[PDB]
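Asker: Would you mind keeping the following structure in view while I ask a few things?
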Amino acid sequence: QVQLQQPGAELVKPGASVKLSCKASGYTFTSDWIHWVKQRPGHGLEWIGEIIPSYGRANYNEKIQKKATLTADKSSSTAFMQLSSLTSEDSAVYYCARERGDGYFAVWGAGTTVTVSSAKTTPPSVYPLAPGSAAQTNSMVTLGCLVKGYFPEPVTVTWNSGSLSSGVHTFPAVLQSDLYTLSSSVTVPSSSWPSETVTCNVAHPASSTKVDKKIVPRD
Amino acid sequence: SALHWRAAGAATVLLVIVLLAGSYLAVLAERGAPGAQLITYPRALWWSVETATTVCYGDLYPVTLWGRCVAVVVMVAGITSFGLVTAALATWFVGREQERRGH
Amino acid sequence: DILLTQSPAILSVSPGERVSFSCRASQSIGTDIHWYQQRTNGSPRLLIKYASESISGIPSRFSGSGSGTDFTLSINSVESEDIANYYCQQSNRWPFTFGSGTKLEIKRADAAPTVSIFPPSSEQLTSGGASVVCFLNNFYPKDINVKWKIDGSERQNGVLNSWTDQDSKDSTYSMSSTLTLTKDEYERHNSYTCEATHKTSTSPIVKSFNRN
Amino acid sequence: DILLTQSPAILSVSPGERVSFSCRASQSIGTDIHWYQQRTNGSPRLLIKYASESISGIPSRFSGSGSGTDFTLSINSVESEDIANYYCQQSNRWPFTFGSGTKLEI
Ligand SMILES: CCCCCCCCCCCCCC(=O)O[C@@H](CO)COC(=O)CCCCCCCC
Ligand SMILES: CCCCCCCCCO
């Protein structure tokens, strides 16, 4: 089972504050430390601080401005990081990780994408991408889905509820007019579609939405 | 039943407890501190053993006030436990020699 | 606080080769170095602990070595799934610190792009907008150019492009080029053309559709 | 005797910015570094002791960090009253020594 569970995303207005969570499962010991690590897009890993839940003591990276406050709840096995008075410098993925007191990060959470913006949460519009009637195929056919008009990042795109993994590309999103757009592409043997269903699944955590879109030929 | 042997055994179990608690608390005390090396539990137990025996290599040591206070507890517990073992050995020898000379 | 220098910042190798990442600590730290792999959009994953010790479930081609200030992560016979960023991390002294990371790149054989053009969907037009999407998939090397033409005339406004990082499945790249119009402007034209230019052929690869 | 190098000798920043002064010791001195501020015609004033510990009455935008040979004094959101010379001082080994100073300009 996934050892550390964190929400996919949080949207925070400048100057506001947000409490991130990290729920632990698996073996727990009195020597466990929970660490938090910040990664800005296209950059490295930056250690924020650590907490020992068994005792509640937290330490912080001295070299950076303290925007975090770490707490832990033993009953719910959950670690929290209160980020305070955020600016755009604080937009990033925040990971939690567990260290068994022997110095290395055995396991990491999936990360919470925090976006600091005044813009409003907008779920995405998902549109199919099927070839026009004049396109010719070979032994493979390429289909896709367009995910347009969403905010903030990220979305997760899967194919046939994750069952379809080979032949997928999901492109990085582009930002325009405070909205994000991306496409995903899938390539399957041409003999197999539309005979066998091909569906894209778009999860947008910041708006708690998950929509399906079957790809059918233009009829 | 003899007091010296039971006190030796008690001191042994107490020392094991102090080594484990000192390892835990030394890590707890030292992780706040830039440059500190006494910050993971396996080597902290090693450090607590060398502190309890006074066999102190210099590879690890506390740099904080509270880590040093933990250190002092481990030192005194170690020195006292081994001194207690010595004292029990002496009591055993003294009794056996009183017997060997028929007193 | 211990600086960990990972240089070079990018390593380029051919499949099957042995590769070595470097991590240098600003002071001596025994073997208290740990290595993590992070793929695109993924979370970090421990590969090697305490400079050389194996982790369960990590392919055996990964190994580590060194002690003191100089550390090496090695991969025997690189393959595509190894495309990732690689970080070292020290636990000798408080606070724990990370190296700045080395990206692994694979140099594979040239491959022409697979181009596909997609007309806007019915739902999108029903909403009142039109996006025309072109895919340039699974090409190598990364450099490539996309040209849009409408009714035979080059178009530039409304085009937004996006490139993937190198693909951990086959070491290729891909790109999406998305021409976004209003329903009206899309309706005053008929021929929509995506044109890809890549060093694998002097002639562009062209995909078109007529709205008719 | 421990040389403390403060470079650059002058730092120029805009109001509201975060600024960082550097102090490098010629050998390792743990966290035995202390920072002082001296304004024009004023006497030195302790800001940070033992590399990172706060002093009562010093504005919270002042912080310190580092250990060993490399030390940083940081100011969050510089303002005008911060215009001053800034010195580091080591107490790890006899004799105590001072850095040569960094001037802050806005
Ligand atoms: C509640 C807080 C915990 C308090 C006690 C923690 C005990 C830690 C387990 C010790 C074994 C670690 C396993 C391992 O493979 O350790 C190696 C790491 O690779 C190196 O071991 C070591 O180098 C230190 C072990 C020295 C033991 C001294 C004997 C004492 C009578
Ligand atoms: C017996 C010694 C008490 C241990 C104190 C724990 C360290 C707390 C540091 O804030």
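In the structure tokens, each chain is lettered A, B, ... as it comes, each chain's residues begin at 1, and ligands are numbered from 1 in order of appearance.
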If you count only C-alpha atoms and all ligand atoms, which residues end up within 8 Å of ligand 2, as a list in words?
Answerer: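 Taking only C-alpha atoms and all ligand atoms into account, the residues around ligand 2 at most 8 Å away are residues 57 of chain A; 25, 26, 28, 29, 30, 32, 66, 67, 69, 70 and 73 of chain B.
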Asker: Using only C-alpha atoms, which residues sit within 12 Å of residue A:199 once same-chain residues fewer than 6 positions away are excluded, as a list in words?
Answerer: residues 126, 127, 128, 129, 130, 143, 144, 145, 157, 158, 159, 160, 161, 162, 163, 164, 184, 185, 186, 188, 193, 211, 212, 213, 214, 215 and 216 of chain A
Asker: Could you write those residues out with C-alpha atoms, as a short mmCIF file (atom, residue, chain, number, x, y, z; two decimals), in the first residue's frame?
Answerer:
data_model
loop_
_atom_site.label_atom_id
_atom_site.label_comp_id
_atom_site.auth_asym_id
_atom_site.auth_seq_id
_atom_site.Cartn_x
_atom_site.Cartn_y
_atom_site.Cartn_z
CA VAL A 126 -11.91 17.55 -22.46
CA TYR A 127 -12.31 17.14 -26.23
CA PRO A 128 -11.61 14.05 -28.38
CA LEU A 129 -8.97 13.93 -31.09
CA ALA A 130 -9.83 11.39 -33.79
CA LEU A 143 -5.69 9.28 -31.09
CA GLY A 144 -5.73 11.90 -28.39
CA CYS A 145 -7.51 14.19 -26.00
CA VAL A 157 -4.32 11.92 -17.90
CA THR A 158 -4.67 8.15 -18.14
CA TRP A 159 -5.85 5.87 -20.93
CA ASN A 160 -8.49 3.16 -20.35
CA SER A 161 -8.28 3.66 -16.56
CA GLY A 162 -4.51 3.19 -16.60
CA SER A 163 -4.66 -0.15 -18.43
CA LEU A 164 -3.25 1.51 -21.58
CA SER A 184 -2.29 13.65 -24.59
CA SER A 185 -1.64 11.19 -27.41
CA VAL A 186 -2.05 7.40 -27.59
CA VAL A 188 -2.73 1.64 -30.71
CA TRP A 193 -9.73 0.62 -32.98
CA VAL A 211 -14.00 13.17 -16.45
CA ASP A 212 -13.97 10.42 -19.08
CA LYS A 213 -13.94 10.92 -22.85
CA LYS A 214 -14.38 8.05 -25.28
CA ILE A 215 -12.57 8.47 -28.60
CA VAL A 216 -14.87 7.39 -31.44
#
Asker: Got a sec to pull out which chain B residues are within 12 Å of chain A, counting only C-alpha atoms, and send them as a list in words?
Answerer: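 Listed by rising number, the hits are residues 20, 21, 23, 24, 25, 26, 27, 28, 29, 30, 31, 32, 33, 34, 37, 38, 39, 40, 41, 42, 43, 44 and 45 of chain B.
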Asker: Would you put the residues from that selection into a file with C-alpha atoms, as a tab-separated table (two decimals), in the first residue's frame?
Answerer:
chain	number	residue	atom	x	y	z
B	20	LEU	CA	18.77	3.08	24.44
B	21	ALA	CA	17.21	6.20	25.98
B	23	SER	CA	20.61	7.16	21.90
B	24	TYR	CA	17.04	8.35	21.34
B	25	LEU	CA	17.46	11.57	23.34
B	26	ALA	CA	20.88	12.44	21.90
B	27	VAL	CA	19.43	12.35	18.39
B	28	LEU	CA	16.45	14.40	19.61
B	29	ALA	CA	18.79	16.95	21.19
B	30	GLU	CA	21.35	17.25	18.38
B	31	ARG	CA	19.27	17.49	15.19
B	32	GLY	CA	18.51	21.07	15.91
B	33	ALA	CA	22.22	22.00	15.53
B	34	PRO	CA	24.27	22.95	12.43
B	37	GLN	CA	27.03	14.54	13.77
B	38	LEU	CA	25.15	12.65	16.52
B	39	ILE	CA	21.92	12.60	14.53
B	40	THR	CA	21.08	9.04	13.40
B	41	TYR	CA	20.13	6.28	15.87
B	42	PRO	CA	22.54	3.45	14.91
B	43	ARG	CA	25.66	5.54	15.41
B	44	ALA	CA	24.09	7.24	18.42
B	45	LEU	CA	23.87	3.84	20.14
Asker: Any idea which chain D residues end up within 9 Å of chain A if we count only C-alpha atoms, as a PDB file with C-alpha atoms, in the first residue's frame please?
Answerer:
ATOM      1  CA  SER D  52      21.978  31.790  14.214  1.00  0.00           C
ATOM      2  CA  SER D  63      18.654  35.907  10.713  1.00  0.00           C
ATOM      3  CA  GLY D  64      21.896  33.964  10.508  1.00  0.00           C
ATOM      4  CA  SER D  65      22.962  30.579   9.224  1.00  0.00           C
ATOM      5  CA  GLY D  66      25.926  28.361   8.411  1.00  0.00           C
ATOM      6  CA  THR D  72      25.589  34.058   6.196  1.00  0.00           C
ATOM      7  CA  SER D  74      20.432  37.540   6.037  1.00  0.00           C
ATOM      8  CA  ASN D  76      14.377  39.849   4.937  1.00  0.00           C
TER       9      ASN D  76
END
Asker: Report as JSON lines: every residue of chain C with an atom at most 12 Å from chain B, its closest pair of atoms, and their distance in Å to one decimal, counting only C-alpha atoms, with rows sorted by chain and ascending residue number.
Answerer:
{"residue": "C:1", "atom": "CA", "partner": "B:35", "partner_atom": "CA", "distance": 6.8}
{"residue": "C:2", "atom": "CA", "partner": "B:35", "partner_atom": "CA", "distance": 8.8}
{"residue": "C:27", "atom": "CA", "partner": "B:35", "partner_atom": "CA", "distance": 11.2}
{"residue": "C:29", "atom": "CA", "partner": "B:37", "partner_atom": "CA", "distance": 9.8}
{"residue": "C:30", "atom": "CA", "partner": "B:59", "partner_atom": "CA", "distance": 11.0}
{"residue": "C:32", "atom": "CA", "partner": "B:40", "partner_atom": "CA", "distance": 10.7}
{"residue": "C:90", "atom": "CA", "partner": "B:37", "partner_atom": "CA", "distance": 11.5}
{"residue": "C:91", "atom": "CA", "partner": "B:40", "partner_atom": "CA", "distance": 8.3}
{"residue": "C:92", "atom": "CA", "partner": "B:37", "partner_atom": "CA", "distance": 6.1}
{"residue": "C:93", "atom": "CA", "partner": "B:37", "partner_atom": "CA", "distance": 4.8}
{"residue": "C:94", "atom": "CA", "partner": "B:34", "partner_atom": "CA", "distance": 5.2}
{"residue": "C:95", "atom": "CA", "partner": "B:34", "partner_atom": "CA", "distance": 6.3}
{"residue": "C:96", "atom": "CA", "partner": "B:34", "partner_atom": "CA", "distance": 9.9}
{"residue": "C:97", "atom": "CA", "partner": "B:34", "partner_atom": "CA", "distance": 11.6}
Asker: For those residues, write N, CA, C and O atoms to a file as a PDB file, in the first residue's frame.
Answerer:
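To be explicit, this is the file written out as out-v9.pdb:
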ATOM      1  N   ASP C   1      27.264  24.037   6.497  1.00  0.00           N
ATOM      2  CA  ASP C   1      26.357  23.113   5.814  1.00  0.00           C
ATOM      3  C   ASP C   1      27.039  22.556   4.590  1.00  0.00           C
ATOM      4  O   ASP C   1      27.690  23.289   3.861  1.00  0.00           O
ATOM      5  N   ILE C   2      26.860  21.263   4.352  1.00  0.00           N
ATOM      6  CA  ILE C   2      27.701  20.552   3.398  1.00  0.00           C
ATOM      7  C   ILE C   2      27.172  20.775   1.990  1.00  0.00           C
ATOM      8  O   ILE C   2      26.031  20.417   1.682  1.00  0.00           O
ATOM      9  N   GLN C  27      33.181  18.610   2.426  1.00  0.00           N
ATOM     10  CA  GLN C  27      34.022  18.097   3.495  1.00  0.00           C
ATOM     11  C   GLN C  27      33.782  16.601   3.590  1.00  0.00           C
ATOM     12  O   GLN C  27      32.849  16.068   2.986  1.00  0.00           O
ATOM     13  N   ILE C  29      32.684  12.989   4.616  1.00  0.00           N
ATOM     14  CA  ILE C  29      31.404  12.548   5.179  1.00  0.00           C
ATOM     15  C   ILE C  29      31.299  11.023   5.196  1.00  0.00           C
ATOM     16  O   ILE C  29      30.189  10.467   5.123  1.00  0.00           O
ATOM     17  N   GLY C  30      32.445  10.339   5.266  1.00  0.00           N
ATOM     18  CA  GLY C  30      32.454   8.884   5.325  1.00  0.00           C
ATOM     19  C   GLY C  30      31.739   8.287   4.126  1.00  0.00           C
ATOM     20  O   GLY C  30      32.080   8.564   2.976  1.00  0.00           O
ATOM     21  N   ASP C  32      28.193   8.400   4.112  1.00  0.00           N
ATOM     22  CA  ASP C  32      26.832   8.841   4.397  1.00  0.00           C
ATOM     23  C   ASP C  32      26.221   9.590   3.221  1.00  0.00           C
ATOM     24  O   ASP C  32      25.715  10.709   3.374  1.00  0.00           O
ATOM     25  N   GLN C  90      23.345  13.934   1.583  1.00  0.00           N
ATOM     26  CA  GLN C  90      24.215  13.531   2.689  1.00  0.00           C
ATOM     27  C   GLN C  90      23.457  13.517   4.006  1.00  0.00           C
ATOM     28  O   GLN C  90      22.589  14.358   4.252  1.00  0.00           O
ATOM     29  N   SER C  91      23.804  12.559   4.864  1.00  0.00           N
ATOM     30  CA  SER C  91      23.256  12.511   6.212  1.00  0.00           C
ATOM     31  C   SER C  91      24.352  12.516   7.275  1.00  0.00           C
ATOM     32  O   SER C  91      24.109  12.109   8.405  1.00  0.00           O
ATOM     33  N   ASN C  92      25.544  13.007   6.957  1.00  0.00           N
ATOM     34  CA  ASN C  92      26.630  12.962   7.932  1.00  0.00           C
ATOM     35  C   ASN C  92      26.491  14.047   8.997  1.00  0.00           C
ATOM     36  O   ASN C  92      26.831  13.819  10.171  1.00  0.00           O
ATOM     37  N   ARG C  93      25.985  15.218   8.605  1.00  0.00           N
ATOM     38  CA  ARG C  93      25.910  16.381   9.464  1.00  0.00           C
ATOM     39  C   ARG C  93      24.577  17.088   9.252  1.00  0.00           C
ATOM     40  O   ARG C  93      24.035  17.102   8.145  1.00  0.00           O
ATOM     41  N   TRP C  94      24.059  17.679  10.323  1.00  0.00           N
ATOM     42  CA  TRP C  94      22.824  18.452  10.254  1.00  0.00           C
ATOM     43  C   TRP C  94      23.104  19.833   9.660  1.00  0.00           C
ATOM     44  O   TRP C  94      24.093  20.477  10.024  1.00  0.00           O
ATOM     45  N   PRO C  95      22.267  20.309   8.733  1.00  0.00           N
ATOM     46  CA  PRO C  95      21.106  19.640   8.129  1.00  0.00           C
ATOM     47  C   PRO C  95      21.442  18.728   6.947  1.00  0.00           C
ATOM     48  O   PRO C  95      22.462  18.911   6.262  1.00  0.00           O
ATOM     49  N   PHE C  96      20.561  17.772   6.674  1.00  0.00           N
ATOM     50  CA  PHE C  96      20.683  16.995   5.449  1.00  0.00           C
ATOM     51  C   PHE C  96      20.654  17.952   4.269  1.00  0.00           C
ATOM     52  O   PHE C  96      19.945  18.956   4.301  1.00  0.00           O
ATOM     53  N   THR C  97      21.472  17.683   3.249  1.00  0.00           N
ATOM     54  CA  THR C  97      21.502  18.507   2.050  1.00  0.00           C
ATOM     55  C   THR C  97      21.470  17.610   0.822  1.00  0.00           C
ATOM     56  O   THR C  97      21.861  16.441   0.878  1.00  0.00           O
TER      57      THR C  97
END
Asker: Using 9 Å as the limit and counting only C-alpha atoms, can you tabulate each residue of chain C that touches chain A, with its shortest atom-to-atom distance in Å and the two atoms involved, as a tab-separated table?
Answerer:
residue	atom	partner	partner_atom	distance
C:32	CA	A:103	CA	7.9
C:33	CA	A:104	CA	8.4
C:34	CA	A:104	CA	6.4
C:35	CA	A:104	CA	8.9
C:36	CA	A:105	CA	8.9
C:42	CA	A:110	CA	7.5
C:43	CA	A:110	CA	5.8
C:44	CA	A:108	CA	6.8
C:45	CA	A:107	CA	7.2
C:46	CA	A:106	CA	6.3
C:49	CA	A:104	CA	6.9
C:50	CA	A:104	CA	8.3
C:87	CA	A:45	CA	8.4
C:89	CA	A:104	CA	7.9
C:90	CA	A:103	CA	7.9
C:91	CA	A:103	CA	5.1
C:92	CA	A:103	CA	8.0
C:95	CA	A:61	CA	7.1
C:96	CA	A:47	CA	7.4
C:97	CA	A:47	CA	6.8
C:98	CA	A:45	CA	6.6
C:99	CA	A:44	CA	8.1
C:100	CA	A:44	CA	5.7
C:101	CA	A:44	CA	6.6
C:116	CA	A:142	CA	7.2
C:117	CA	A:131	CA	7.0
C:118	CA	A:131	CA	5.5
C:119	CA	A:132	CA	6.5
C:120	CA	A:129	CA	7.5
C:121	CA	A:128	CA	6.2
C:122	CA	A:127	CA	8.5
C:123	CA	A:127	CA	6.8
C:124	CA	A:127	CA	6.7
C:131	CA	A:146	CA	8.8
C:133	CA	A:129	CA	8.0
C:135	CA	A:185	CA	7.9
C:137	CA	A:169	CA	8.3
C:160	CA	A:174	CA	7.4
C:161	CA	A:174	CA	7.9
C:162	CA	A:172	CA	6.2
C:163	CA	A:171	CA	6.5
C:164	CA	A:171	CA	5.6
C:165	CA	A:171	CA	8.9
C:167	CA	A:169	CA	8.4
C:169	CA	A:166	CA	8.2
C:174	CA	A:169	CA	7.6
C:175	CA	A:171	CA	7.3
C:176	CA	A:171	CA	7.0
C:178	CA	A:183	CA	8.9
C:207	CA	A:135	CA	8.4
C:208	CA	A:135	CA	8.3
C:209	CA	A:134	CA	6.8
C:210	CA	A:134	CA	8.4
Asker: Would you write out those residues with C-alpha atoms, as a PDB file, in the first residue's frame?
Answerer:
ATOM      1  CA  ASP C  32      26.832   8.841   4.397  1.00  0.00           C
ATOM      2  CA  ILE C  33      25.716   9.530   0.812  1.00  0.00           C
ATOM      3  CA  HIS C  34      22.403   8.355  -0.668  1.00  0.00           C
ATOM      4  CA  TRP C  35      21.252   8.467  -4.319  1.00  0.00           C
ATOM      5  CA  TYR C  36      17.756   9.117  -5.677  1.00  0.00           C
ATOM      6  CA  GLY C  42       7.604  11.504 -10.715  1.00  0.00           C
ATOM      7  CA  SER C  43       8.576  11.530  -7.130  1.00  0.00           C
ATOM      8  CA  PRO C  44      12.182  10.786  -6.064  1.00  0.00           C
ATOM      9  CA  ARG C  45      13.077   7.127  -5.547  1.00  0.00           C
ATOM     10  CA  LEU C  46      15.942   5.812  -3.420  1.00  0.00           C
ATOM     11  CA  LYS C  49      22.023   4.046   0.423  1.00  0.00           C
ATOM     12  CA  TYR C  50      25.246   4.633   2.353  1.00  0.00           C
ATOM     13  CA  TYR C  87      20.392  13.438  -6.892  1.00  0.00           C
ATOM     14  CA  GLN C  89      21.987  13.498  -0.427  1.00  0.00           C
ATOM     15  CA  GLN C  90      24.215  13.531   2.689  1.00  0.00           C
ATOM     16  CA  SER C  91      23.256  12.511   6.212  1.00  0.00           C
ATOM     17  CA  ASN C  92      26.630  12.962   7.932  1.00  0.00           C
ATOM     18  CA  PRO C  95      21.106  19.640   8.129  1.00  0.00           C
ATOM     19  CA  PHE C  96      20.683  16.995   5.449  1.00  0.00           C
ATOM     20  CA  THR C  97      21.502  18.507   2.050  1.00  0.00           C
ATOM     21  CA  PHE C  98      20.949  17.540  -1.602  1.00  0.00           C
ATOM     22  CA  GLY C  99      23.157  17.777  -4.640  1.00  0.00           C
ATOM     23  CA  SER C 100      21.895  19.928  -7.497  1.00  0.00           C
ATOM     24  CA  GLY C 101      21.235  16.954  -9.774  1.00  0.00           C
ATOM     25  CA  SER C 116      -0.927  13.418 -37.194  1.00  0.00           C
ATOM     26  CA  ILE C 117      -3.360  16.309 -37.657  1.00  0.00           C
ATOM     27  CA  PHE C 118      -6.688  16.454 -35.842  1.00  0.00           C
ATOM     28  CA  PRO C 119      -9.621  18.716 -36.708  1.00  0.00           C
ATOM     29  CA  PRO C 120     -11.583  20.349 -33.890  1.00  0.00           C
ATOM     30  CA  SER C 121     -14.169  18.165 -32.207  1.00  0.00           C
ATOM     31  CA  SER C 122     -17.936  18.591 -32.392  1.00  0.00           C
ATOM     32  CA  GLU C 123     -18.228  19.423 -28.676  1.00  0.00           C
ATOM     33  CA  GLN C 124     -15.655  22.196 -28.958  1.00  0.00           C
ATOM     34  CA  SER C 131      -8.594  24.069 -31.848  1.00  0.00           C
ATOM     35  CA  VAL C 133      -4.028  19.882 -33.007  1.00  0.00           C
ATOM     36  CA  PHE C 135       1.267  15.772 -33.112  1.00  0.00           C
ATOM     37  CA  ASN C 137       5.698  12.057 -32.193  1.00  0.00           C
ATOM     38  CA  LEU C 160       1.062  27.317 -29.029  1.00  0.00           C
ATOM     39  CA  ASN C 161       3.704  24.570 -29.041  1.00  0.00           C
ATOM     40  CA  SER C 162       4.767  22.123 -26.328  1.00  0.00           C
ATOM     41  CA  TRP C 163       7.712  19.688 -26.220  1.00  0.00           C
ATOM     42  CA  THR C 164       8.157  16.591 -24.086  1.00  0.00           C
ATOM     43  CA  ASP C 165      11.388  15.694 -22.377  1.00  0.00           C
ATOM     44  CA  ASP C 167      10.897   9.608 -23.456  1.00  0.00           C
ATOM     45  CA  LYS C 169      10.350   4.277 -23.115  1.00  0.00           C
ATOM     46  CA  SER C 174       7.601  14.462 -29.204  1.00  0.00           C
ATOM     47  CA  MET C 175       5.922  17.823 -29.709  1.00  0.00           C
ATOM     48  CA  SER C 176       2.358  19.133 -29.898  1.00  0.00           C
ATOM     49  CA  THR C 178      -2.044  23.631 -31.267  1.00  0.00           C
ATOM     50  CA  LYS C 207      -0.424  16.568 -42.962  1.00  0.00           C
ATOM     51  CA  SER C 208      -3.576  18.385 -44.034  1.00  0.00           C
ATOM     52  CA  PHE C 209      -7.333  18.207 -43.838  1.00  0.00           C
ATOM     53  CA  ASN C 210     -10.140  20.074 -45.586  1.00  0.00           C
TER      54      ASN C 210
END
Asker: Find the residues in chain D near chain B: any atom within 7 Å counts, using only C-alpha atoms. Write them as a list in words.
Answerer: residues 30, 66, 67 and 68 of chain D
Asker: Out of C:190, C:67, C:5, C:26, which residue has the shortest atom-to-atom distance to chain D when counting only C-alpha atoms?
Answerer: C:26
Asker: Hey, can you check how far atom CA of residue D:94 sits from atom CA of residue C:3?
Answerer: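 A separation of 28.0 Å between them.
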Asker: Using only C-alpha atoms, can you tell me which of D:81, D:50, D:103, D:70 comes closest to chain C?
Answerer: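 Under the stated criterion, the closest residue is D:70.
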Asker: Tell me which protein, DNA and RNA residues are within 12 Å of residue B:50, counting only C-alpha atoms, leaving out same-chain ones fewer than 4 positions away, and put them as number ranges by chain.
Answerer: B: 19, 22-23, 43-46, 54-61, 71, 74-75, 78-79
Asker: Could you save those same residues with C-alpha atoms as an mmCIF file, in the first residue's frame?
Answerer:
data_model
loop_
_atom_site.group_PDB
_atom_site.id
_atom_site.type_symbol
_atom_site.label_atom_id
_atom_site.label_comp_id
_atom_site.auth_asym_id
_atom_site.auth_seq_id
_atom_site.Cartn_x
_atom_site.Cartn_y
_atom_site.Cartn_z
ATOM 1 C CA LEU B 19 22.011 3.368 26.414
ATOM 2 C CA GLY B 22 20.449 8.130 25.562
ATOM 3 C CA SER B 23 20.613 7.157 21.895
ATOM 4 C CA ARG B 43 25.658 5.535 15.414
ATOM 5 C CA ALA B 44 24.086 7.242 18.417
ATOM 6 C CA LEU B 45 23.874 3.839 20.140
ATOM 7 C CA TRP B 46 27.537 3.260 19.298
ATOM 8 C CA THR B 54 34.696 5.820 28.758
ATOM 9 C CA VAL B 55 36.253 4.144 25.671
ATOM 10 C CA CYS B 56 35.799 7.306 23.689
ATOM 11 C CA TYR B 57 37.280 7.373 20.195
ATOM 12 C CA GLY B 58 36.410 10.942 19.199
ATOM 13 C CA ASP B 59 34.419 9.886 16.133
ATOM 14 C CA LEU B 60 31.135 11.261 17.571
ATOM 15 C CA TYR B 61 30.147 13.631 20.345
ATOM 16 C CA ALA B 71 26.020 12.539 27.728
ATOM 17 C CA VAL B 74 25.226 8.141 30.218
ATOM 18 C CA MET B 75 28.756 8.665 31.620
ATOM 19 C CA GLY B 78 28.204 3.630 32.884
ATOM 20 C CA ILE B 79 30.897 4.407 35.447
#
Asker: Please report the interatomic distance between atom CA of residue D:28 and atom CA of residue D:4 in Å with one decimal.
Answerer: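 Separating atom CA of residue D:28 from atom CA of residue D:4 is a distance of 11.0 Å.
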Asker: When you look at residue D:78 with a cut-off of 12 Å (counting only C-alpha atoms), what residues show up, excluding the ones that are within fewer than 3 positions of it in the same chain? I need them as a PyMOL selection string.
Answerer: chain D and resi 11-20+59-62+74-75+81-84+104-106
